[PDB]
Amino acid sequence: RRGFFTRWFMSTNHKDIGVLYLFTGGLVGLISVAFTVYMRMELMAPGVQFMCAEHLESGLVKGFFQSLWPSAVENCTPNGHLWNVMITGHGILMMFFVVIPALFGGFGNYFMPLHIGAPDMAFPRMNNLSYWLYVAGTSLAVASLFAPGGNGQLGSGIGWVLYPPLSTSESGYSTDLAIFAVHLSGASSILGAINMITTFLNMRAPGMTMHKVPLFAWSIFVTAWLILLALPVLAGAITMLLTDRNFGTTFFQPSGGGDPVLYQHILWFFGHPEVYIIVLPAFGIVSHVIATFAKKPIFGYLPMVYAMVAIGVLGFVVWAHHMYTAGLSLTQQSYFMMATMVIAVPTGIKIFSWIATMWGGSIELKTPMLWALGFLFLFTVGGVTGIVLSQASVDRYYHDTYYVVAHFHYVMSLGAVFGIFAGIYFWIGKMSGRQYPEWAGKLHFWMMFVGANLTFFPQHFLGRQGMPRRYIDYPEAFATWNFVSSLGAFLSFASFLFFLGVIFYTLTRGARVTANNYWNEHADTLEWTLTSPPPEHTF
């Protein structure tokens, strides 16, 4: 009856929009991960072998294929701009167009209404628009890569956080396109957030009291508030960049009386909440998953809710720990350090509660549980290096080095992302009507576990040895751990391609789901009382 476009892209139903966000997030994820393989190809060995200026004189296509095969150093003129563009593209895609659309826009849109017994979102057409603004933003971010940019080449080589005067002086209009992309991502997130909040407050089922709402729906609720405060502040920061670039203002230009550091305060006021926006929905998913496979209800439900609330609020008063070397007074540094340290307390409550949930349980090591258990261990590794970094005295050394990179990839790529995979394996039977093959989920898990640890753990070493961020090339002494890191990245990439094969097989040939609840009775939230997939109109 309905064509493929009408069935999916035109749908205003939360479950369909959820699925659209998941697939799209996965596709943009694949693109951004491919950038990192190329990045790690260049970082595998000292000397520049792939990112040669000589490749610019060929076509876009033949230049692309030339770029993939290594040249001798003496035939390769280093092109730092390509490196800077790849790095910026990878970061912007991840932070605006991958993990939050997957967790918040994807699982958030899909499961939050199911969890509270709501038939749909408050504003279903607004929900559909949110998705289109997301795709439009992604399209512009991607377009920026092929638009006239810095140094008379294509693309913006300015870092995902767009610091001026670099970002305000970058030639071409590629940077303006990236700014518009981020505006459109922001709008997408705000529309989503308005829906989540209105639905959560006004559309819970009869009897569904606030203290009976499942933890994932709480995580999405808290996340939406952060978005409402954080994203308009960013829209301001980047609009100021656009006006300095195009409309004669001098907000961040010292010649006109501006201050580059003012941008940083406004940016990081969004930039820290951003990372709690990323990880909270993953906290939610981990809670549902551990409770299910430990066959035991969540330990400390109320502390779990209040911890996420405390994390969200604290996330707004710590931003200048990204600015310890930017010219902050000793007083500001001391405050922001101590404020930041407080965040470990509510986060520790959650980690310990998850372990206490497992304690005395009957633990089933199915694929979704492996991801959640990995999350506990790996998010802890990343969280503690965050605490190290909060110490401004130690951050003097670590700032703008690969130790920071190691920190954030542990919490994001071995944390938030493990949360995404946990949710995918937990819920694919429910969303699709077909179950994944257990052995392949487990192989995926172990390949990713070994690969991602090999990729990022050695970056701590590189950072301690003083390797800076955003470098196309490095002193020879950094060779060993860069080589190991790159091997890890390649193994990680294989695991991801395998994963995509697992999803393809699942959705085409996977064993049909014959039960509303194909796990166990401790998967005790409303989606498990519905069919697999749930009916078009639910409740």
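Numbering starts at 1 and follows the sequence shown. By rigid core we mean the largest C-alpha set that fits within 1.5 Å across both forms.
Stretch 412-420 versus stretch 326-334: after rigid core alignment, which one is farther off in C-alpha RMS in 4 other deposited structures of this protein? Larger mean C-alpha displacement, comparing 412-420 and 326-334 in 4 other deposited structures of this protein, is found in 412-420.
Is 136-144 or 341-349 the stretch whose C-alphas end up farther from this model in 4 other deposited structures of this protein after a rigid core fit? Output: 341-349, the stretch lying farther off on average in 4 other deposited structures of this protein.
Which is higher on mean Cα B factor in this entry, 478-486 or 57-65? Looking at the recorded C-alpha B-factors, 57-65 comes out higher on average.
Going by the average Cα B-factor in the PDB entry, point out whether 87-95 or 336-344 comes out higher. On average, C-alpha B-factors are higher across 336-344.
Comparing recorded Cα B-factors across 419, 117, 382, 164, which one is largest? Largest recorded C-alpha B-factor: 117.
Out of 41, 511, 472, 34, which one has a C-alpha B factor higher than all the others in the entry? That would be 511.
With respect to C-alpha B-factor, does residue 493 fall in the lowest, middle or highest third of the chain as deposited? Ranked within chain, residue 493 CA B lands in the lowest tercile.
Taking the entry's C-alpha B-factors for this chain, is residue 200 in the lowest, middle or highest third? Highest third.
When the modelled residues of the chain are sorted by Cα temperature factor, does residue 507 land in the lowest, middle or highest third? Its C-alpha B-factor, which the entry lists for residue 507, ranks in the highest third among residues of this chain.
Once the chain's modelled residues are ordered by C-alpha B factor and cut into thirds, is residue 190 in the lowest, middle or highest one? Middle third by C-alpha B-factor.
Assigned third (lowest, middle, highest) for the C-alpha B factor of residue 402: Tercile = lowest for this residue's CA B-factor.
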